[PDB]
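Note that the sequence shown covers residues 188 to 243, 246 to 404, 409 to 413 in the entry's author numbering. Just so it is clear, CB atoms sit at the ideal spot from N, CA and C, and this is done for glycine as well. For reference, the structure discussed in these notes is given below.
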Amino acid sequence: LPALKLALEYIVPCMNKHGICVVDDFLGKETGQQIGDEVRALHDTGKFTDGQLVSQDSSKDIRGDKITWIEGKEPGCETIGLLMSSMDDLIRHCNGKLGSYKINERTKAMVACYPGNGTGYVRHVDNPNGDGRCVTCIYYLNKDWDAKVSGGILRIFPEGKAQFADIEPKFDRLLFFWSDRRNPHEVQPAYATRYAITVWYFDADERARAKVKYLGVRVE
Ligand SMILES: O=C(O)CNC(=O)c1nc(Cl)c2ccccc2c1O
Ligand SMILES: [Mn+2]
C-alpha cells in the first residue's frame, strides 16, 4: 500500500479517534524477513547492550531488554534504513492532520531485544515531561509469535478509559500511538526472543521550547 492511502484512509482518522493505530503487513514478507535478518545479525555480532539491569552476586544478576541505536546508514542496516524511510514517508503524508502537531524531526531508531528470560518492561509513559516526542512508532519482527506461550504482549492503558489495549508483537506489524500521558503502557514478560524497532517523532513547537527547558555561545 502507498504511504498515502494508508495515511489518509486509516492512520489519520484512527489516530485522531483512538490515539492507537495498528497496520499489519506493512512491508511484506520479503522485506520484513530481511529486516529480521539484519536485526538478528546485529544481535549475534554483539551490537546490542547487555540488557536492562532488572535485579541486582553479579553472575546471578538478571538483565532484560537489550538495545542498540541505529541511524540506518550503517553497514548491514540498509533495510532498517528502508524501514525508517518508509515510516518517514507515512508521517510526511499525515502532515497537518495528526492532532494539531507539526512533525519535522525524529529520533534515530532504537532496536530492542527482549531476551526471552521472563523479563518485560514496567508500566511507563514515553514522554511524561514534555520533551517534544508526540508519536511513538514501533515495528515488530517476530514471525509466528504466539503470545499464549511466549508472552510479550504490549498492554496500553488509554487514559480515561476502563479498558486494556493488548497488542501482540507480530511480524511486519507497525504501531503508532501518542507518546504522552494519554498512553501509559507496559511490555508483559517475554518467554521467547522478541525484537522491535522504535522511532519517535517530534512536534516542532514542543521540541523547540523543550530546548529552553533543558539547556552555548562565547561572550568575550
Ligand atoms: O516493545 C514494545 O512493544 C513496547 N516497548 C516499549 O514501550 C519500550 N519503551 C521504552 Cl521508553 C523503552 C526504553 C528503552 C528500552 C526499551 C523500551 C521499550 O521496549
Ligand atoms: Mn514505551
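| query | result |
| --- | --- |
| Taking the beta carbon of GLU348 as the centre, do at least 16 other beta carbons fall within 10 Å, making it buried, or is it exposed? | exposed |
| Using CA coordinates, which residue listed in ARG371, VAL210, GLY206 is at the minimum distance from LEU279? | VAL210 |
| Mind checking which residues open and close the alpha helix (DSSP H) that includes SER368? | Element bounds for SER368: n/a, residue is neither H nor E. |
| At a cut-off of 7 Å, is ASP355 close to ligand 2 when judged by its beta-carbon and the heavy atoms of the ligand? | no |
| Pair every Cβ in the stretch 311-320 with every Cβ in the stretch 264-276, then say whether three or more of these pairs are closer than 8 Å. | no |
| Tell me which same chain residues have a C-beta within less than 7 Å of the C-beta of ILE222, skipping the five on either side of it? | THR268, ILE269, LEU272, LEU330 |
| What residue range is occupied by the uninterrupted beta strand (DSSP E) comprising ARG398? | First-last for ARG398: 393-402, but that is the alpha helix (DSSP H), not the beta strand (DSSP E). |
| Rank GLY233, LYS255, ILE207, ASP231 by C-alpha distance to the C-alpha of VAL241 and give the top, closest one. | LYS255 |
| Using only the heavy atoms of ligand 1, determine whether one of them is closer than 7 Å to the beta carbon of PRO317. | no |
| On a Cα-Cα basis, can you pick out the residue from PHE213, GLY321, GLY307 that is closest to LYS402? | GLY321 |
| Decide if the stretch 375-393 is in contact with the stretch 295-302; the criterion is three or more beta carbon pairs, one per stretch, under 8 Å apart. | yes |
| Return yes when the C-beta of residue 406 is under 7 Å from any heavy atom of ligand 1, and no when it is not. | There are no atomic positions for residue 406 here, as the chain continues from 404 directly to 409. |
| Looking at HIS313 and ligand 2, is the gap between the Cβ and the nearest heavy atom below 7 Å? | yes |
| I think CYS283 touches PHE391, with their Cβ atoms under 8 Å apart; what is that distance to the nearest whole Å? | No, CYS283 and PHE391 are not in contact; Cβ-Cβ is about 14 Å, not under 8 Å. |
| Quick one: is the Cβ of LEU193 within less than 7 Å of any heavy atom of ligand 1? | no |
| From the DSSP output, in three-state form, read off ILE280 for me. | helix |
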